[PDB]
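Student: For the sequence shown, the authors' numbering gives the first residue as 1, with consecutive numbering after it. This is the structure, below, for whatever I ask next.
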Amino acid sequence: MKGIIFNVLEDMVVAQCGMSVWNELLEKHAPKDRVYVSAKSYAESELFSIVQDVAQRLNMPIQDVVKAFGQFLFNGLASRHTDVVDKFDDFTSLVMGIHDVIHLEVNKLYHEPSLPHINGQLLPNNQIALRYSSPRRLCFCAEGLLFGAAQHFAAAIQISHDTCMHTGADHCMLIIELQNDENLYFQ
Ligand code: HEM
Ligand code: NA
Ligand SMILES: [Zn+2]
Numbered sequence: 001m002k003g004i005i006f007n008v009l010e011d012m013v014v015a016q017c018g019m020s021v022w023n024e025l026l027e028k029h030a031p032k033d034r035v036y037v038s039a040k041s042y043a044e045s046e047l048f049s050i051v052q053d054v055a056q057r058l059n060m061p062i063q064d065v066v067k068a069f070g071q072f073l074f075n076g077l078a079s080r081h082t083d084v085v086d087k088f089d090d091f092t093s094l095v096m097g098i099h100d101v102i103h104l105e106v107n108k109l110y111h112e113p114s115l116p117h118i119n120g121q122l123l124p125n126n127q128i129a130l131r132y133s134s135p136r137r138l139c140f141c142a143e144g145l146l147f148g149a150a151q152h153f154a155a156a157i158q159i160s161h162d163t164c165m166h167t168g169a170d171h172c173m174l175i176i177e178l179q180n181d182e183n184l185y186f187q
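Pasting the structure below:
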């Protein structure tokens with residue numbers, strides 16, 4: 001898990017809970033004097049432990065917290081990698097380019113990142129079938145990231161998530177409906 005994910009998580013926790021809470025989280029779930037260098041890899045368990053702690057503190061379902069983080073995370077990534085996101089002029093283009101363009105770039109930007117396998121298929125009625133697979137099973141982070149991407153393009157979406165690794169499948173199917181964006185008028 002790359003430090004950049006931890007850095008954006010810090011921004012979120014500091015904004016919601018305060019720096020005092022982040023320092024508690026860091027002291028408890030990470031070794032002494034831990035500093036997350038953006039490009040460096042760290043144990044994903046450190047991230048999960050922190051996020052689980054946050055969920056418990058807020059009395060929220062863990063997957064709702066991960067989804068919220070995902071949405072916050074897209075802007076964190078877009079602002080740190082503006083050149084990557086500026087490759088796309090709309091939401092649908094970006095989603096279809098997650099695997100072959102965005103995460104391909106991430107492999108050039110970072111040393112041996114741990115990334116999901118994603119494949120998007122354009123459907124009728126302005127829908128996208130996004131197939132997600134990963135041993136980390138962060139499909140709800142993916143959901144959040146998609147809502148973040150929609151927000152980035154001033155678009156509105158809905159997601160159906162009825163095939164899921166957490167309900168026993170070896171992949172998740174995220175069915176994305178584009179309800180509105182700047183090029184969508186009546187239909
Ligand atoms: C809707 C858009 C996106 C989706 C659905 C998505 C999906 C994901 C997910 C779910 C993860 C967690 C790892 C896993 O599931 O195995 C991940 C990791 C990551 N993604 Fe994306 N992502 C999106 C956009 C971006 C963008 C715009 C960037 C940067 C330009 C980016 C760079 C990264 C990086 C650096 C990691 C961490 C890799 C590691 O820790 O080794 N992603 N992505
Ligand atoms: Na519109
Ligand atoms: Zn899932």
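Ideal Cβ placement from N, Cα and C applies to all residues, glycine included.
Which class does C172 belong to by DSSP, given the choice of helix, strand or coil?
Tutor: Along the sequence shown, read from residue 1 onward, the residue named residue 172 stands at position 172. Strand at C172.
Student: Going along the chain, which unbroken runs of the alpha helix (DSSP H) with 4 or more residues stay wholly within the stretch 30-54?
Tutor: none
Student: Sorry if obvious, but does the Cβ on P116 come closer than 7 angstroms to a heavy atom of ligand 1?
Tutor: In the sequence shown, the residue the question calls residue 116 occupies position 116. Yes.
Student: Could you say which of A169, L122, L146 lies nearest to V66 if we only look at CA atoms?
Tutor: Stepping through the sequence shown from its first residue, residue 66 is reached at position 66. Looking at the Cα atoms, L146 is the closest of the given residues.
Student: By the 10 Å Cβ neighbour count, where 16 or more other Cβ atoms means buried, how is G70 classified, buried or exposed?
Tutor: Here residue 70 refers to the residue found at position 70 when the sequence shown is read from its first residue. By the neighbour-count rule (16 or more Cβ atoms within 10 Å), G70 is buried.
Student: Check for me: the beta strand (DSSP E) holding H161 runs from which residue to which?
Tutor: Within the sequence shown, the letter at position 161 stands for residue 161. For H161, the uninterrupted beta strand (DSSP E) run begins and ends at 156-163, by DSSP.
Student: May I ask you to report which of helix, strand or coil DSSP gives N23?
Tutor: Counting from 1 along the sequence shown, the entry for residue 23 is found at position 23. The answer is helix: DSSP assigns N23 an H, G or I state.
Student: For ligand 2, any of its heavy atoms closer than 7 angstroms to the Cβ of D181?
Tutor: Numbered from its first residue, the sequence shown carries residue 181 at position 181. Checking the Cβ of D181 against ligand 2 gives yes.
Student: Using a threshold of 7 angstroms, is the CB atom of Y110 nearer than that to any non-hydrogen atom of ligand 2?
Tutor: Position 110 of the sequence shown, counting from 1, holds the residue named residue 110. Annotation for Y110 indicates a beta carbon at 7 angstroms or more from all heavy atoms of ligand 2.
Student: Just to confirm before moving on: does the CB-CB distance between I62 and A55 stay below 8 angstroms?
Tutor: Mapped onto the sequence shown, residue 62 falls at position 62. Mapped onto the sequence shown, residue 55 falls at position 55. A contact, by the Cβ cut-off of 8 angstroms.
Student: When a residue counts only if its C-beta is closer than 5 angstroms to some heavy atom of ligand 3, which residues count, in chain order?
Tutor: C139, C164, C172
Student: Sort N125, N126, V101 by Cα distance to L115 and report the nearest one.
Tutor: By 1-based counting over the sequence shown, the position of residue 115 is 115. Checking every option, the nearest Cα to that of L115 belongs to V101.
Student: Please confirm whether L26 and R34 have their CB atoms less than 8 angstroms apart.
Tutor: Numbered from 1 along the sequence shown, position 26 holds the residue referred to as residue 26. Numbered from 1 along the sequence shown, position 34 holds the residue referred to as residue 34. Closer than 8 angstroms, so yes.
Student: Find out if the Cβ-Cβ distance for the pair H161, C139 is shorter than 8 angstroms.
Tutor: Indexing the sequence shown from 1 puts residue 161 at position 161. Indexing the sequence shown from 1 puts residue 139 at position 139. Cβ atoms of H161 and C139: closer than 8 angstroms.
Student: Drop a sphere of 10 angstroms on the beta-carbon of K28, count the other beta-carbons inside from all chains shown, and report buried for 16 or more, exposed for fewer.
Tutor: Stepping through the sequence shown from its first residue, residue 28 is reached at position 28. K28 should be labelled exposed.
Student: Could you give the distance in angstroms between the alpha-carbon of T163 and the alpha-carbon of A155?
Tutor: Indexing the sequence shown from 1 puts residue 163 at position 163. Indexing the sequence shown from 1 puts residue 155 at position 155. For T163 and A155, the distance between alpha carbons rounds to 24 angstroms.
Student: Enumerate, from N- to C-terminal direction, the unbroken alpha helix (DSSP H) stretches of 4 or more residues contained entirely within the stretch 114-160.
Tutor: 139-152
Student: Keeping to the same chain, check which residues put their C-beta closer than 8 angstroms to that of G144; ignore five residues upstream and five downstream.
Tutor: Residue mapping note: residue 144 aligns to position 144 of the sequence shown, counting from 1. Excluding sequence neighbours, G144 sits near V66, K67, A68, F69, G70, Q71, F72, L73, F74.
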